[PDB]
Structure formats: structure tokens, C-alpha cells
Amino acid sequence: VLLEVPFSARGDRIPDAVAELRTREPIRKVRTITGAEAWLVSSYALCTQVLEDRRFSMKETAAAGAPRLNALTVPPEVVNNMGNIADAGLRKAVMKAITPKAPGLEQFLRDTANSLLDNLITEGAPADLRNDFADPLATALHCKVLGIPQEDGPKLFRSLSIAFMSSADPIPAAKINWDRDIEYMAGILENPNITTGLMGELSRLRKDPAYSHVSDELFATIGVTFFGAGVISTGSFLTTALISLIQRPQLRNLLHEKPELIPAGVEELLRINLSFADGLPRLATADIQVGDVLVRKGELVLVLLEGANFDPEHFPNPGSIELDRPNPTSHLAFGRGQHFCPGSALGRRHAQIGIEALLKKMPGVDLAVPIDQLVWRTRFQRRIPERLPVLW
């Protein structure tokens, strides 16, 4: 049969297959889990082209009858969430509220990381660094950034193992959790105690005359989607970064010894990250030449981030973490172009502070199981181990 995507849910190694495709056929046809055909793009040059040409549309991926990567877990209008935010005149305000720059926010991240780590040391090895460190760090950060109660984090988080599924078919639970989580965020907008963070800001703008015709549904949706995307993305990235560090003891020791190099190491950890389980989907809105292929209007294109980020033509010795590259932020871990991640700085800070805190508290961190014993989540939009058992 035609080559099927994805190739592997493992987030600890890139398949050899990826370099062979990039060399032989850096754009080629594949079949997705729904049985649709798509073009898989796997070189830095071609990934960048697709991402920088808006005629490859994000929004149009949601059109009825399109070839699909996977089934929607959001309303179709939510695929255009950033466009809807810009159209409501809310982009600057949202972007400002999710920077890691608010007074106290970095200290709160540090404090939270340290407390989680003290609790694991009290309890004794083995510790699970996903469920008991990275994901609670992510969840606490996002409650603080949104201005919502910390104690509401866990129930919101538990929606995410369904919300970020990569399924061939619609998921009944996704609707149940979406509607419940929208109702919660609508209640937050009406709650006078919520005066800080992204929700406190949205709540003020909602009652300002310049935003009187912005819908209550959009305001709630921003809350739900920014919580879910940020939590899943920071928690998953930090988890798989910790694997890459733990398996580079020389690097772990360098960063421990010289923590000022942590921002450069996180940037390399981003470059090499396999967190995104699928290419980023786009729908062609015109006939467009990409390499040796004429992509036709209506066809699905999948931009393979690791294809670009491990391309030796751009990043020589791609599989090695080198802290002195001349082009260190030029990876595609946060995307490129119109839909460049709005949370990028926040994501970087979360990882930096989590890593700094772990290396200080557990300088001897190591896996407590052979690496092949990690259980990789399937049929999900992220690659993540179900547990990350460590000792120190």
C-alpha cells in the first residue's frame, strides 16, 4: 500500500526513514489515518516554503469534504482561532497576557518547580517526571497566566488526553469536555474575583465599548484553547526534552555546572524535539509547485517539523546538540509564518526554569527503567511517554 503516516509514536529517536525521504523525495504522497492522501514535506527548504505561503491554508483544512489528517476535536471555526482573535481586535492583548514577563510570573514558576521537586524527593525514587513534574508545572503555569484558581487546573488538564487526540473519527468525549470547559470559562468571565491574567484582561475588555460586539463564545474559546494548547505543548515538550537531557549525561553535567548556557541548550532541545506527532496540516487553495510536485488546489499538505529540523543542509550534524550554532533559533519548533506560535516565549521560559530547577535539585537524575520500557501514547497530536520513571 501507499506509505502511511505517522511512521512512529516514539519521541526518543527519529526514524532513519525520515533522512531517506528527505534525500530521495522531500515531498511525496502518503496516506493518513483517515484514508486520505496527502503530501508529506520533509526538507527545511520545502517546509519553509509551505509555511510562508498563505495559499497553503490552515483555516481551509476544516472545510467539509476536504482530505483530512484526523477528525476535528474543536468546532470548525476554531481552526481559525487566531484569525478570529485578530478580527475581534484582541491579538495584542492576548499576546501581552501570555508573555513570561509579568511581575512575579518567573518567580512563581521557580517556586512551583521547586516545590514539585521537593515533594518527589520527600517521597523517594522512582519519581514520574511527566505526571508529577512536567505536566503539573505546565498546568500551574497556565492557571497563573490565565488568572484562574490553581485548584481548577487538574480538571481542566484531564480533558487533554482526549482533546489532543489524532483520531480517524469524531470523538464523543471531546464534545462533552469542550462544552463543559467552555461553560467554565464563561463562568470565569462573569466572576468578579478574576482580575488578573489573560481571563482578567478579557473580562475587562468584554465590558469595554470597543469590544461590545465580540461574542461571549469567542472570549470563552480563547480561555479553553490557550489553556489546552499551552499545557499540552509545554508539558509534552518539557517531558521529551528531559529524556534528551537524561540521555546526554555530559550535557546534563555542563548545564548543571554552567546554568547560563541553559537558554542555548533549550533552544537545541527545541530544534531536536519530536513532540509533534504529525506534520502540520495545510490545504492548498491554488495549484502551487513544491519541489518536483505540482500540488493541486484542494490537496492536503503535511509539514514535517522534524524533517526540517534535522535537515543537514541547514543544521550540520543534525542529531547532535551543539550550543554554538550560528543559526540557533532558525528551527521550526514553533512553526513559521502567519501561524507562528503565540506562546513561544512562554514555552521557552517554562522549559528553562523547569530544567534549571531539576538540575539543581536532582543533578544525578537518570531513567529508572531501560529506555525501551517507556510507553508511547498512540493516536495523539503529541508524542509522549505515559510515565517517565527516574531516580537521582
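Note that residue numbering follows the sequence shown and begins at 1.
- Of the two segments examined, 33-41 and 336-344, it is 336-344 that shows the higher average Cα temperature factor in the deposited entry.
- Mean CA temperature factor is higher for 76-84 when stretches 166-174 and 76-84 are set side by side in the entry.
- Among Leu202, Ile194, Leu218, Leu146, the highest C-alpha B-factor in the deposited entry belongs to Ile194.
- Considering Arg180, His142, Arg271, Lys96 together, the PDB entry gives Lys96 the largest C-alpha B factor.
- Sort the modelled residues of the chain by CA B factor and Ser212 lands in the highest third.
- Split the chain's modelled residues into thirds by C-alpha temperature factor. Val365 is in the highest one.
- Compared with the other modelled residues of the chain, the Cα B-factor recorded for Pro328 ranks in the middle third.
- Compared with the other modelled residues of the chain, the Cα B-factor recorded for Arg282 ranks in the lowest third.
- Sort the chain's modelled residues by C-alpha temperature factor and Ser233 lands in the lowest third, per the entry.
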